[PDB]
Amino acid sequence: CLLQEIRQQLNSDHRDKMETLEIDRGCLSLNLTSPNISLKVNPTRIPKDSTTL
Amino acid sequence: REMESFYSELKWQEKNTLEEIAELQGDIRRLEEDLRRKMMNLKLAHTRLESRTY
């Protein structure tokens with residue numbers, strides 16, 4: 001029982017981090033002269049939970 | 001005699017003024033395109049910093 005639950009929670013963590021990796025590689029990918037660039041509303045906002053290192 | 005001297009001096013003045021005017025006009029035009037590029041780059045960086053919230 002213990003092993004099955006541990007494996008599933010690790011699975012969740014893994015999918016989360018790989019999604020993050022997708023987002024960040026896109027962030028590096030884009031640049032200027034790009035159809036998606038514009039002014040967005042007050043993005044200087046700090047997040048609510050704001051996990052630390 | 002003194003009149004004609006004055007006349008020559010004035011023409012010298014006007015010619016130099018003309019050339020300075022042309023050079024300044026060119027410089028100003030350059031400055032406007034500097035403005036435009038500044039705003040473009042700000043747009044890009046704004047988007048970048050926004051996107052991480054996902």
# chains A, B, ... in the order shown; residues from 1 in each chain; ligands from 1
$ closest_atom_pairs --of "chain A" --to "chain B" --cutoff "9 Å" --atoms "only C-alpha atoms" --output "JSON lines"
{"residue": "A:20", "atom": "CA", "partner": "B:54", "partner_atom": "CA", "distance": 8.6}
{"residue": "A:23", "atom": "CA", "partner": "B:52", "partner_atom": "CA", "distance": 7.6}
{"residue": "A:24", "atom": "CA", "partner": "B:52", "partner_atom": "CA", "distance": 7.7}
{"residue": "A:27", "atom": "CA", "partner": "B:48", "partner_atom": "CA", "distance": 6.6}
{"residue": "A:28", "atom": "CA", "partner": "B:48", "partner_atom": "CA", "distance": 8.7}
{"residue": "A:30", "atom": "CA", "partner": "B:48", "partner_atom": "CA", "distance": 8.2}
{"residue": "A:31", "atom": "CA", "partner": "B:44", "partner_atom": "CA", "distance": 6.9}
{"residue": "A:32", "atom": "CA", "partner": "B:44", "partner_atom": "CA", "distance": 5.7}
{"residue": "A:33", "atom": "CA", "partner": "B:44", "partner_atom": "CA", "distance": 8.5}
{"residue": "A:34", "atom": "CA", "partner": "B:44", "partner_atom": "CA", "distance": 8.3}
{"residue": "A:36", "atom": "CA", "partner": "B:47", "partner_atom": "CA", "distance": 8.0}
{"residue": "A:37", "atom": "CA", "partner": "B:44", "partner_atom": "CA", "distance": 5.2}
{"residue": "A:38", "atom": "CA", "partner": "B:43", "partner_atom": "CA", "distance": 5.0}
{"residue": "A:39", "atom": "CA", "partner": "B:43", "partner_atom": "CA", "distance": 5.6}
{"residue": "A:40", "atom": "CA", "partner": "B:47", "partner_atom": "CA", "distance": 6.7}
{"residue": "A:41", "atom": "CA", "partner": "B:50", "partner_atom": "CA", "distance": 8.7}
{"residue": "A:42", "atom": "CA", "partner": "B:50", "partner_atom": "CA", "distance": 8.6}
{"residue": "A:43", "atom": "CA", "partner": "B:50", "partner_atom": "CA", "distance": 5.2}
{"residue": "A:44", "atom": "CA", "partner": "B:50", "partner_atom": "CA", "distance": 7.7}
{"residue": "A:47", "atom": "CA", "partner": "B:53", "partner_atom": "CA", "distance": 7.7}
$ select_by_dssp --residues "chain A" --states "alpha helix (DSSP H)" --output "VMD selection string"
chain A and resid 2 to 29
$ atom_distance --atom1 "atom CA of residue 24 of chain B" --atom2 "atom CA of residue 36 of chain B"
19.3 Å
$ atom_distance --atom1 "atom CA of residue 53 of chain A" --atom2 "atom CA of residue 29 of chain A"
24.7 Å
